[PDB]
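In: so I've got this experimental structure, pasted below with the sequence.
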Amino acid sequence: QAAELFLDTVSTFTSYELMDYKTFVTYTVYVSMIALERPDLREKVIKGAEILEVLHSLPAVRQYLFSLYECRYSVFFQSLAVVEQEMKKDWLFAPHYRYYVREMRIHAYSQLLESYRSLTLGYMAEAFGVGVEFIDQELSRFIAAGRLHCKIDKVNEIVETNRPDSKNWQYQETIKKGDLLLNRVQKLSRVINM
Amino acid sequence: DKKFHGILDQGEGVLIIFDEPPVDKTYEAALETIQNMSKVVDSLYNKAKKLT
Amino acid sequence: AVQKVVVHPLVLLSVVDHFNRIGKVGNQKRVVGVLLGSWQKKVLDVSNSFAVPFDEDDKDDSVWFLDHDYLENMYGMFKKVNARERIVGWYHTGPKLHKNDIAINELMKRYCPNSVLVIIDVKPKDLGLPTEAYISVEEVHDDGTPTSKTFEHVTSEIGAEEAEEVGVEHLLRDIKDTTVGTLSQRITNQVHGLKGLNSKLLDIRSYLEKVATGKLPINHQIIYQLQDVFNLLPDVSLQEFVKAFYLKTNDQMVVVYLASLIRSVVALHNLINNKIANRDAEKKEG
Amino acid sequence: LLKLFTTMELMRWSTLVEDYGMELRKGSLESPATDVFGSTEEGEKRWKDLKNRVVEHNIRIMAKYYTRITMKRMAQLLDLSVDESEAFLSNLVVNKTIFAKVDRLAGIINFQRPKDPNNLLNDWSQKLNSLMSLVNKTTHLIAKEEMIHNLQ
Amino acid sequence: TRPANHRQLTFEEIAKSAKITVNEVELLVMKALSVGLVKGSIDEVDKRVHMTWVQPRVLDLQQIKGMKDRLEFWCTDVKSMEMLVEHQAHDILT
Amino acid sequence: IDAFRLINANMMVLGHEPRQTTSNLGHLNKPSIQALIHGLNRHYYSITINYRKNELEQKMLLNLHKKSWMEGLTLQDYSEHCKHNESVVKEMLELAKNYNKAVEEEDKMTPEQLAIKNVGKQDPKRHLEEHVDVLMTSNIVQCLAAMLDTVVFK
């Protein structure tokens, strides 16, 4: 909902009714990557005009989008830390300092684990960033979180994914919405009948 | 960018092109019927609560 | 080159009529008449017909009499009242056919080039057995076997007309068998759809054990006609059925899973509205 | 001509160049034979195009009478190397005229397609229906027709 | 010889029976598919030939015997399943 | 179809089809307004029609018209069977969109159990389960029809 109504940004004069325009640019660009992954996200944050000029004004934000779009994960690693130290100098960043990081971290992993089903971490030692054992315990915390449907392997160095084929994921969506309704209809069925 | 159908391998350097099943219509239409049956029972719940 | 025939539901009623038009004094126990038809392009159609006096003595089984003058006038009378209908052949009843049926056929081919016969059943009517038709063909026999007739079978169907189908529904008035069935007629269509299955399969081994013994001589024609049945039935092994059968079985269990969901909310809502209306009439009666 | 109709009729270009060379060399009349083949670079291209048309006939017979084949067998049966065989098939498949797909990791060019579970089960019941009902009706009625000829 | 049990026959059995070499079993079966005595296919990832025999002939009384026993099995399996359907769905038959 | 029959004009001071013997002559024929204007009953009269139905004519009439052999054990050819179920789920989807607001708004605004939602409406709990009723009979049969041939045909 935040990224939907922040899509129309046609207001330049700042008044009683409007905040600082520069910080309104940073707010509408930090949120426009969580709503939609890539259903032509490049049309609304890159092919725009009034948002493209003001991100062309700022060096870090223009670095931040290009690092996410062209998949320069080595500098997207750095550009996320520069934003997050900047996050402390805000008056509304309280559900952001611990939730916007781990969502953007798991979004960078998810598009990286796309297009690769036999990915090795020996390629992760230079493409995503540096290090070896940090990525292993990082991916292990997210696979055990329930998210990032992929498997990890140590003694063969193959991060073999097991992403579903738009059927077994869709099979889960009937069985999760089904019994949630079934527990609702029995609880309805017992309040009545005395 | 969905301009190509396939998958890559880093452990072997093997490009594999595969196909996908259709997007089938009959399944996720039934996903939306569950959302309606979830709301009418919610409509029956506060109805049965407000008057017994 | 006959694909199939179309027998309207009028002519067999005329046979059942003429099966009773002789049984008061006749002991002929067969009815032979003249079949009229409308040969359109390739499929055959039968609209009207009539009968003809015919007898047959069991001694020497080669003596017959047809009435040609009655055939010349009455077909000529039908042409005047309807210049659409013409001759297509003949018919007789009785399952066991006598052997003058080649002698009857080869005479009246001077009327009809593609002469055809239709065998009906008046008494064998208990199981599922329709009318039967053959064709007049002249070959030697097969390759090096002595010459004969060998009436080949042509498949048959039943088709009505617009008034001939609506007038039927007004006559029955007893069960009427409605269209698309509510789970009771459809299972019986699989019940008596299978009661005729093994009745054919008992009949195959009955002729087979008759010829496995060797009383009657063999026909090579039926052998390979039976042999391509057994090496063309499917064999369900792996990845062609057991994968693809569940792909449509776990498909069709999703939509009947709505019937579990929806119909339970239907009768629950009818329970609430009655239990509201019950207690409110109860609390306000006193 | 009758050999190159269809069904391969035991064709091979190395066998074709060795038996009909006398027709391509001097013969009795041989007057249009020198006029078409056996010439300068106009004629030499017609050797290559005749080589091109027979192997195009040799791919069509493989994709109809086979399911899978190793790439080493296809190369030696076309009297040419493995690189030309891949590039010649790659010319045909972008031309959407021969419908197949190769493997350069294990060398199995296959000829069929991954069939659909709706398609496969419908083709299962279709071979179930027309092969076990119509001829099943025919077995009952020929055995009824033999009741007349046999007895009595 | 094999009544459609495992009709996928490998190259060794044709090379033994027809006493033909392995380099000619492929040319042998394409000639048979050309005439019309069979309508199978040829796989070489396992070097096994799939066979859908469609050209029937005469047989003896010895193949008649096992044909009846398969038919008697065919008879008693269909009749047993009709008795399971007629007993189960009798109350909804009408 | 009907049959009629002329009456004489001399007996027009006494009964015309008189002399009630039975009481079955009243419910077998009821002449409509278009019939009693031309000749009924001063010119002719009507007569009753029954149908002489017996055996070996009537039973074999239905033993040949509405019969089948392989119709029960034949697949519905899933190229259009499951394609048909797409356009049935989506339309009861929309009726479930219609059903959500309708009853609960009617009950929470006025409890009259009456007007225009009673006099000229069509979206009750009669319309939403008959699509479920069709969808079961078309599929429970079609599921079980593909179960027999797995056993019967090897």
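Out: On my side now, so go ahead. Numbers count the residues shown, from 1 in each chain, chains lettered A, B, ... in the order given.

In: quick one: which helix or strand includes residue A:86?
Out: Using DSSP states H and E, residue A:86 maps to helix A:73-87.

In: what does that helix contact?
Out: By Cβ atoms under 8 Å, 6 or more residues apart in numbering or on different chains, the residues outside helix A:73-87 that reach it are A:30, A:60, A:63-64, A:67-68, A:93, A:96-97, A:100-101, A:104-105, A:108, A:112, A:127-129. The C-beta positions use only the backbone N, C-alpha and C, and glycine is treated the same way.

In: now the buried members of those.
Out: By neighbour count, with 16 or more other Cβ atoms under 10 Å in any protein chain shown, the contacts of helix A:73-87 hold A:30, A:63-64, A:67-68, A:100, A:104, A:108, A:128 as buried.

In: tell me which of these fall in helices.
Out: A:30, A:63-64, A:67-68, A:100, A:104, A:108 (DSSP state H).

In: just to revisit the earlier point, show me how far the helix holding residue A:86 is from its chain's centre.
Out: 14 Å (Cα atoms, centre = their mean, to the nearest Å).

In: sorry, back to before: between all of the ones in helices among the buried ones among the contacts of helix A:73-87, which two are separated the most?
Out: When Cβ to Cβ is used, the two most widely separated members of those are A:63 and A:100, lying 17.6 Å apart.

In: for the host helix or strand of residue F:83, packing partners?
Out: Assigned by DSSP H and E, residue F:83 belongs to helix F:81-109. Judged by 3 or more Cβ pairs under 8 Å, 6 or more residues apart in numbering or on different chains; DSSP states H and E, helix F:81-109 is in contact with helix B:25-50, helix C:242-285, helix F:130-152.

In: can you tell me the closest non-neighbouring residue to residue 25?
Out: I went with chain A, as the question did not name one. Once flanking residues are discounted, residue A:25 sits nearest to residue A:54: 4.6 Å by Cβ to Cβ, 6 or more residues apart in numbering or on different chains.

In: ah, no, chain F please
Out: residue F:48 (7.0 Å).

In: for the one you found, the count of nearby residues, please.
Out: Neighbour count for residue F:48, taken as other Cβ atoms under 10 Å in any protein chain shown: 11.

In: that one: what's it in contact with?
Out: Contacts of residue F:48 (Cβ under 8 Å, 6+ apart): F:25, F:28-29.

In: next, the residue of chain D found nearest chain A: phi, psi?
Out: Closest residue of chain D to chain A, Cβ to the nearest Cβ: residue D:117 (11.4 Å). With angles defined as degrees, to the nearest 10, residue D:117 sits at phi -60, psi -30.

In: how close does it get to residue C:251?
Out: Residue D:117 sits 9 Å away from residue C:251, going by Cβ to Cβ, to the nearest Å.

In: compare those two (neighbour count), which wins?
Out: residue C:251 (20 against 17).

In: list the contacts of the closest residue in space to that one that isn't next to it in sequence.
Out: The spatial neighbour of residue C:251 that comes closest, neighbours along the chain excluded (Cβ to Cβ, 6+ apart), is residue F:82 at 6.3 Å. With contacts defined as Cβ under 8 Å, 6+ apart, residue F:82 is in contact with B:26, C:248, C:251-252, D:118.

In: from residue E:88, how far off is residue A:19?
Out: Taking Cβ to Cβ, one finds residue A:19 at 73 Å from residue E:88.

In: nearest to chain E: which residue in chain B?
Out: Taking Cβ to the nearest Cβ, chain B has residue B:16 as its residue nearest chain E, at 17.4 Å.

In: who in chain E is up against chain F?
Out: Within chain E, the positions near chain F by Cβ under 8 Å from any Cβ of the partner chain are E:77-78, E:81, E:85.

In: please redo it, this time with the cut-off set to 6 Å
Out: E:78, E:81 (Cβ under 6 Å from any Cβ of the partner chain).

In: secondary structure class of the closest residue to residue C:22 other than its chain neighbours, three-state.
Out: Once flanking residues are discounted, residue C:22 sits nearest to residue C:28: 6.3 Å by Cβ to Cβ, 6+ apart. In three-state terms, and counting by DSSP: H, G, I helix; E, B strand; the rest coil, residue C:28 is coil.
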